[PDB]
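In what follows, every chain begins at residue 1, and chains take the letters A, B, ... in the order their sequences are listed. Order of appearance sets the numbers: ligands from 1, and atoms from 1 within every ligand. Computation of the quantities below employed the complete heavy-atom set of this structure, encompassing side-chain atoms and omitting hydrogens, waters and symmetry-equivalent molecules.
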There are 2 protein chains.
Amino acid sequence: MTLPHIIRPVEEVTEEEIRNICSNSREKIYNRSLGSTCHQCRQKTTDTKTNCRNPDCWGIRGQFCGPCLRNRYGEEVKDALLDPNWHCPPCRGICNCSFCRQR
Amino acid sequence: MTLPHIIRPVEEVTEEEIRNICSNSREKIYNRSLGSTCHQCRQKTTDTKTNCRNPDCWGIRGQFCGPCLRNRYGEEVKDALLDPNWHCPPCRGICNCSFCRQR
DNA sequence: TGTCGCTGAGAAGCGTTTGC
DNA sequence: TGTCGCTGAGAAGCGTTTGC
Ligand SMILES: [Mg+2]
Ligand SMILES: [Zn+2]
Ligand SMILES: [Zn+2]
Ligand SMILES: [Zn+2]
Ligand SMILES: [Zn+2]
Ligand SMILES: [Zn+2]
Ligand SMILES: [Zn+2]
């Protein structure tokens, strides 16, 4: 059931993907088929989300929506998508989601 | 992929299952279809194996073969199968398998 | 510009495997 | 009477969800 984690190279990141980053939480488009889930807000939407570059990372915990990364971690998805060494907050051990800050 | 954990009641344990407990490791029958895996020796065989009674337990880590439970933990599968309150060594946190004693 | 609860999740088994 | 290495594993998303 675990969705495979695939590292998208920074040179392979499209400007269409960059412009499809969500800016306002309430303006999201839910899609049970093509959408992706943000680890923080746990909403499966079509807006572009971050991609963890840690080889040992797995699953969906590296995917964060636009609003979530800039409000819970003070970082921009556009910078994380083009960051060669970006690790998700779970990898950094700084995730403050409902689950992570309890466990 | 996780095999569901089902608690077999002690009153529902068959004498045929009891007599099918493995006694010698080298006299095991491998079966990729009907066999079960022992958490300790990691062999999928048809010999009767233990069943953890912990409700929060999951997966295969509660299944131990005859030789493994009596050689690594000094306990008998026949006693564990009829024990109302038996928890597997992983639940007791005393598992000494190759993986558990490292992590 | 905004978030958590809840279910169900939380591997398993072949291969290179058997104590001195 | 006997055991470990190795791959691949290690959730995800709807519902009861949006900061004052
Ligand atoms: Mg799974
Ligand atoms: Zn989010
Ligand atoms: Zn990560
Ligand atoms: Zn988290
Ligand atoms: Zn065994
Ligand atoms: Zn158990
Ligand atoms: Zn173990």
Side-chain angles (χ1 to χ4, degrees), chain A residues 2-3 5 18 20-25 28-32 34-52 54 56-77 79-81 86-102, chain B residues 2-3 5 25 36-44 49-52 54 56-75 77 80 86-102:
Chain A
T2 295
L3 301 186
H5 167 231
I18 301 167
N20 285 25
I21 297 173
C22 176
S23 292
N24 181 261
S25 172
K28 284 187 170 176
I29 298 172
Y30 292 82
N31 193 314
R32 295 190 55 179
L34 305 181
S36 60
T37 302
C38 164
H39 165 67
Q40 186 86 19
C41 68
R42 300 189 295 268
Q43 303 300 273
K44 182 173 183 179
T45 61
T46 44
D47 52 84
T48 301
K49 296 177 178 63
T50 60
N51 179 251
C52 189
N54 182 26
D56 196 63
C57 192
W58 75 96
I60 225 67
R61 38 173 254 170
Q63 292 177 1
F64 287 80
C65 67
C68 271
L69 199 66
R70 75 173 62 95
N71 296 326
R72 311 297 295 191
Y73 306 97
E75 289 176 359
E76 283 289 333
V77 174
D79 304 337
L81 284 169
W86 187 86
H87 291 0
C88 64
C91 283
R92 284 178 284 185
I94 58 176
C95 189
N96 56 53
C97 81
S98 316
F99 171 82
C100 278
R101 73 179 171 261
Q102 298 181 48
Chain B
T2 295
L3 301 186
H5 167 231
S25 172
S36 60
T37 302
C38 164
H39 165 67
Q40 186 86 19
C41 68
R42 300 189 295 268
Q43 303 300 273
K44 182 173 183 179
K49 296 177 178 63
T50 60
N51 179 251
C52 189
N54 182 26
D56 196 63
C57 192
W58 75 96
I60 225 67
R61 38 173 254 170
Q63 292 177 1
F64 287 80
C65 67
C68 271
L69 199 66
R70 75 173 62 95
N71 296 326
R72 311 297 295 191
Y73 306 97
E75 289 176 359
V77 174
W86 187 86
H87 291 0
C88 64
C91 283
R92 284 178 284 185
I94 58 176
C95 189
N96 56 53
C97 81
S98 316
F99 171 82
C100 278
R101 73 179 171 261
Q102 298 181 48

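At distances below 3.5 Å, not a single donor-acceptor pair connects side-chain atoms of A/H39 with backbone N or O atoms of A/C97.
For B/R92, the side chain to side chain contact (heavy atoms under 4.5 Å, CB included) partners are B/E75, B/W86, B/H87, B/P89, B/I94, not counting sequence neighbours. Applying the side chain to side chain contact (heavy atoms under 4.5 Å, CB included) criterion to B/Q63, with sequence neighbours excluded, gives B/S36, B/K49, B/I60. Every side chain to side chain contact (heavy atoms under 4.5 Å, CB included) that B/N71 has, sequence neighbours left out, goes to B/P67.
If you count the protein N, O or S atoms nearer to the Zn ion (ligand 7) than 2.8 Å, you get 4.
Between A/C68 atom SG and A/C41 atom SG, the angle centred on the Zn ion (ligand 2) amounts to 120° (nearest 10°).
Among the candidates A/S25, A/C22, A/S23, the single residue satisfying the side-chain contact (heavy atoms from CB on, under 4.5 Å) test with A/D47 is A/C22.
Heavy-atom minimum distance, A/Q102 versus A/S98: NE2-O, 2.7 Å.
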